[PDB]
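J.: A single structure is presented below for examination.
Please treat every number below as a calculation from the coordinates, not as lab data. Here Cβ is always computed from backbone atoms with ideal geometry, including for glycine, and neighbour counts include all displayed protein chains.
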Amino acid sequence: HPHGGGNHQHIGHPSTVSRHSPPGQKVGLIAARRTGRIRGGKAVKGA
Amino acid sequence: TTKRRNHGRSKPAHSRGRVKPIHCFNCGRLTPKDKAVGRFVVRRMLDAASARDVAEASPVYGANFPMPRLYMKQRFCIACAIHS
Amino acid sequence: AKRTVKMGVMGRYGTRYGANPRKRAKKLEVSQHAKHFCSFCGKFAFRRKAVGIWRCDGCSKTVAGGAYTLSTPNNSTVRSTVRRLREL
Amino acid sequence: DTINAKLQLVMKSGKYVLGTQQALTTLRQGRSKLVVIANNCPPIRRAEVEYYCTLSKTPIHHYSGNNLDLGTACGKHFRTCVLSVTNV
Amino acid sequence: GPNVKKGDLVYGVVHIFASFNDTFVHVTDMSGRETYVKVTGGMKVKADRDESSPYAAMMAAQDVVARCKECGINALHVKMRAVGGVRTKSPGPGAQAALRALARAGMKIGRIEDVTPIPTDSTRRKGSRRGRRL
Amino acid sequence: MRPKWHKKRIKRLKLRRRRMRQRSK
Amino acid sequence: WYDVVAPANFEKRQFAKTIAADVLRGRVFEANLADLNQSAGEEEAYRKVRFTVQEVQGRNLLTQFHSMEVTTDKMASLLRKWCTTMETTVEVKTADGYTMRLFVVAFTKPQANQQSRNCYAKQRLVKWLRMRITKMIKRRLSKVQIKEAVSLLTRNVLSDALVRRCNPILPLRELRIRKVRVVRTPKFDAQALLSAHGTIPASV
Amino acid sequence: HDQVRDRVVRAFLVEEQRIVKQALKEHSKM
RNA sequence: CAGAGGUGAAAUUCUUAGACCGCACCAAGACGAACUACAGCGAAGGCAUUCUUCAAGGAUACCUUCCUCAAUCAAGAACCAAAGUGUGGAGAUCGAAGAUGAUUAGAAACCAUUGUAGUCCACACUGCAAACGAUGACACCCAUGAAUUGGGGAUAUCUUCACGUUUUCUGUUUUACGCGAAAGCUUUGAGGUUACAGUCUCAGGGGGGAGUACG
Ligand SMILES: [K+]
Ligand SMILES: [Mg+2]
Ligand SMILES: [Mg+2]
Ligand code: NA
Ligand code: NA
Ligand code: NA
Ligand code: NA
Ligand code: NA
Ligand code: NA
Ligand code: NA
Ligand code: NA
Ligand code: NA
Ligand code: NA
Ligand SMILES: [Zn+2]
Ligand SMILES: [Zn+2]
């Protein structure tokens, strides 16, 4: 996995990945527009 | 020491329990409708000096047809009424 | 005599899953094992046979609706609207 | 409410009969004066009774209430669908 | 301009929005979808305080007439308004000055109406339930 | 001072005492 | 530059000017009824009539009735503290297919010899009065074309029917139709529009 | 036996209703 | 097309691919101005758009029925503004916490621009308010003049029901003996009490510690 390894259990790089990533690299939050806990109204999800 | 037998509002011993509050005209403070001082005002759009100029230059308004006025109801809190 | 104070049908779980999850699952379990009213045959005869299948042994009939209850609150609006439009 | 009061009076002082089979028997013997049917009835089951009433020229009243409602109006603790009045 | 004789009158609509912060002098047609001149009181004074003053609104009216006569309009229908909504309904200080300067400049005043928005039942307005503690 | 503020102080002290008692027990 | 033409129900047509055909159509033009009908009754001076453009012929804009409303200064003036104000909303579909919504306001008056402070009505009589108003309006306005409907409202001949036929129920100080709006129109017809305008005025 | 009896009664009654309805329609037409 | 906003004055903001302004429309969520008052309804908390609908509540009328079936209460039970809690919706406006401007020796505040929880709905909790008429419930007597809401009885005007006069029952307000330390109360008492007894019921005993500690 891209997330595996290390002396502590952690991801070393941001977990938001690009939409153009090759298969095998596209793990994590894919083409995310935003992250974290939403405060306020929840928008619609989709293209 | 009671200051007013009506306690500053038109609500007797027990006939109502609650009255919808309203905003004051100036500061916007919330006060009960029966406690707020309320006046209805009708006023002219222009004063005498300006009315004569407009009436002369208007083919519609004149001696027979009067000019429109502004009619509004104003409710104030007890503090805003004294200061004004 | 009374066999449990407050832990009712959930008393089979022991001390094992958390108070709030057990309290949340209890209402649905009670309603799913209850017996519900049959509009035809006019009596309490509906029983659940699978996650959405309700069967009345009196009239010999099967009805579709609800996971843990015979009728969902959303369906009442649909029936009311349909009846009103038909009345028009 | 008038029909309920009338049925109560008939039950207090008269002769009546409950049940589809017994109502049909009264119609066959020509000893019936009025038949009352509840609203929640199967179409064919109610249709046989209505056909017999029409053939025998017997008046028929539609209760517009549940069978449990008709039982309560009759002052019973059981549900009844059909009622036949033989003597008033 | 339009194909009319010198005597014939061409009619427009002037919207006068007089708040406490500023003053608007907007001239449109009867439909309201096309505008000719729009001059505000803040385009003639170098200080924020003087934007609504009756003097500032007076100059906004005169420069409307200069361009309007070029466009071929000589008469105007008046539509005055205040902030309205959930705020004060009293018009600002510049409403009188803006209308008067139009008459003396040589504009034939038509009919005057009040078009301040008014709610049948409104939303909550600014300030707490204690009002503004000035 | 204001009786409401004094009551707030009392409530805070009582909450602290309850927490301390629970931890010490 | 263009010219706006009112339908044949009004005498003084060509009441406005404006400064590409697709954009022009749909605009709403507002005029005062006292200017069109050219009358000095001092009561039609408080009515504004709106028209909507449906077709452009050369430099002439051919319009159709949109709405009518009483000015705010007149409406505000007819309010009294110790009376009762009643309102009625009526929706009626004409023969052509135009459905319009009407708002009617009525006020009470004291009797000649009445010695009371107020003149409040009773809820039973207010509801009865409201029921009569909607019945007669729905009857007369549903059997006429759009041209006759506008003439009835503008000439102030329908309103005099209610005051005469509902005064026995309650003594009325005044009864007016506050606002009229067209909320639905049928499919567009070129033949119908030309018939309404008759002979159009020429434009330069 | 109950299913057979129910089918017999249903057949007869439905056919009678159909005949009456069609005759009413034709009598209204003519 | 060159600014708009905000203020005591400004700065907090926004605007040339373009705000502010004007016209018609679309979407969603709250809310029903003016008329609205010493008015009406509810046990209290509370309750204002129209039509349809369900179960109630009070007064009035009566030569209807019944015949003491009643008043007030430990224990027990039900409802109860706002804020707050849990689970699902909704999210327009306003807005605790927070952020950035002002102000100020100082501003954490009062002022300006924003902004999360909240605010709205359903179900389940909480059980507190200057929850005030700071005045427990039931019954009798009581002087004058006002009014006004609902019903009923008798005998001047208007249109094709409203109103006028006088009585009456129920509510709801204003303006004498007597009482009170006084302010004041006064047919709806805080009156009829040292000339002290109609019935029941809940609290108090100088001020703090304290509505605190333990259970
Ligand atoms: K209260
Ligand atoms: Mg700046
Ligand atoms: Mg804000
Ligand atoms: Na790797
Ligand atoms: Na870890
Ligand atoms: Na980790
Ligand atoms: Na300014
Ligand atoms: Na400015
Ligand atoms: Na009691
Ligand atoms: Na709440
Ligand atoms: Na502030
Ligand atoms: Na809520
Ligand atoms: Na208390
Ligand atoms: Zn104020
Ligand atoms: Zn069944």
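J.: Under the classification rounded if a/c is under 1.5, otherwise prolate if a/b is larger than b/c and oblate if not, where does chain D fall, given a ≥ b ≥ c as square roots of the Cα gyration tensor eigenvalues? Please report the intermediate quantities before stating the final value.
T.: Numbers: a/c = 1.75, a/b = 1.18, b/c = 1.48.
In terms of gyration-tensor shape, oblate.
J.: Compute the Cα gyration tensor for the stretch E:42-85, then decide on rounded, prolate or oblate, letting a ≥ b ≥ c be the square roots of its eigenvalues: rounded whenever a/c is under 1.5, prolate when a/b is larger than b/c in the other cases, and oblate in all that remain. If you can, show how the numbers build up before the last one.
T.: Working: a/c = 3.19, a/b = 1.35, b/c = 2.36.
Oblate is the answer for the stretch E:42-85, as a/c is 1.5 or above yet b/c matches or exceeds a/b.
J.: Out of the chymotrypsin sites (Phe, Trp or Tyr not before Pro) in the stretch G:101-204, which ones are loop residues according to DSSP with at most 12 other C-beta atoms within 10 Å?
T.: Sparse-neighbourhood loop chymotrypsin sites (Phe, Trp or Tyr not before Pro): G:120, G:188.
J.: Could I ask something else about it? What is the distance in Å between the Cα centroid of chain A and that of the stretch B:4-77?
T.: 61
J.: May I pose another question? What distance in nm separates the simple spin-label points at residue D:6 and residue E:67, each placed 7 Å from Cα in the Cβ direction?
T.: Here the modelled spin labels are 8.7 nm apart.
J.: Arranged from highest to lowest average of other beta-carbon atoms within 10 Å per residue, in what order do the peptides E:69-81, C:43-55 appear? Could you put the intermediate results ahead of the total?
T.: Details: E:69-81: 18.5, C:43-55: 15.0.
By packing density, highest mean first, the sequence is E:69-81, C:43-55.
J.: Further question on the same structure: Across peptide E:109-120, what mean number of C-beta atoms from other chains lies inside 10 Å of a residue's C-beta? Could you put the intermediate results ahead of the total?
T.: Working: counts 9, 6, 11, 10, 7, 9, 2, 3, 0, 3, 0, 0.
Other-chain Cβ atoms within 10 Å of each residue's Cβ, averaged: 5.
J.: For the pair residue G:183 and residue H:12, what calculated FRET efficiency results from E = 1/(1 + (r/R0)^6), where r is the Cβ-Cβ distance and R0 = 35 Å, to the nearest 0.05? Intermediate values should be presented prior to the final figure.
T.: Numbers: r = 55 Å, r/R0 = 1.58.
E between residue H:12 and residue G:183, to the nearest 0.05, is 0.05.
J.: What is the mean projected area of the alpha carbon convex hull for chain A, to one decimal in square nanometres? Mind dumping the intermediate values first?
T.: Numbers: hull surface 18.6 nm².
With the hull built on Cα positions only, its mean projection is 4.6 nm².
J.: Take every DSSP beta bridge whose two residues both sit in chain D, then give the antiparallel share in percent to the nearest 5. Could you put the intermediate results ahead of the total?
T.: On the way: 8 of 11 bridges.
Looking only at bridges with both residues in chain D, the antiparallel portion is about 75 percent.
J.: Give me the extension gain from residue B:69 to residue B:22: residue separation times 0.36 nm, minus the current Cα-Cα distance, reported in nm with one decimal.
T.: Values: separation 47, 0.36 × 47 = 16.92 nm, distance 2.54 nm.
That works out to 14.4 nm of additional length.
J.: Once the convex hull of the C-alpha atoms of the stretch G:104-171 is built, how many Å³ does it hold per residue, rounded to a whole number?
T.: 93
J.: Next up: Using r as the Cβ-Cβ distance of residue C:9 and residue G:128, and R0 as 60 Å, what FRET efficiency do you calculate, to the nearest 0.05? Intermediate values should be presented prior to the final figure.
T.: On the way: r = 60 Å, r/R0 = 1.00.
Efficiency, rounded to the nearest 0.05: 0.50.
J.: Then there is this: Count charges around residue E:74 for me, please; just the other residues with Cβ under 10 Å from its Cβ, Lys/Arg as +1, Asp/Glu as -1. Write down the numbers at each step before the final one.
T.: Values: positive: E:6, E:69, E:108; negative: E:8.
So the surrounding residues net to +2.
J.: Based on Cα coordinates alone, diagonalise the gyration tensor for the protein assembly as shown, multiply each eigenvalue by 5, take square roots, and list the semi-axes in whole Å, largest first. Each step should come with its number before you reach the end.
T.: Numbers: eigenvalues 885, 430, 239 Å².
Three semi-axes, in Å: 67, 46, 35.
J.: Still on this structure: Would you calculate a helix-derived [θ] at 222 nm for chain E, using -39,500 (n - 2.57) for each DSSP H run of n ≥ 4 and dividing by the full residue count, to the nearest 500? Before the final figure, lay out the partial values.
T.: Values: 2 runs with 30 residues, N = 134.
Taking each H run of at least 4 residues, the total per residue is -7500 deg cm²/dmol.
J.: Which percent, nearest 5, of DSSP beta bridges in chain E are antiparallel? It would help to have the intermediate numbers written out before the result.
T.: Values: 12 of 24 bridges.
Around 50 percent antiparallel, to the nearest 5.
J.: I'd like the trypsin sites (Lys or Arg not before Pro) in the stretch G:110-203 restricted to DSSP loop residues with at most 15 other Cβ atoms within 10 Å, sorted by number.
T.: On the way: sites: G:117, G:122, G:124, G:127, G:130, G:132, G:135, G:138, G:139, G:140, G:143, G:147, G:155, G:164, G:165, G:173, G:176, G:178, G:179, G:181, G:184, G:187; in loops: G:117, G:122, G:143, G:155, G:187.
Passing both the DSSP loop test and the Cβ count: G:117, G:122, G:143, G:155, G:187.
J.: Using the alpha-carbon centroid of each, what span in Å lies between the stretch E:48-90 and the stretch C:13-85?
T.: Rounded to whole Å, the Cα centres lie 69 Å apart.
J.: At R0 = 30 Å, how high is the FRET efficiency between residue G:165 and residue G:77 if r is their beta carbon distance? Nearest 0.05 is fine. Working shown, then result.
T.: Working: r = 26 Å, r/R0 = 0.85.
FRET efficiency, residue G:165 to residue G:77: 0.70.
J.: Using 7 Å Cα-to-Cβ label points, what is the residue H:24/residue C:85 separation (nm, one decimal)?
T.: Computed distance between label sites residue H:24 and residue C:85 equals 2.7 nm.
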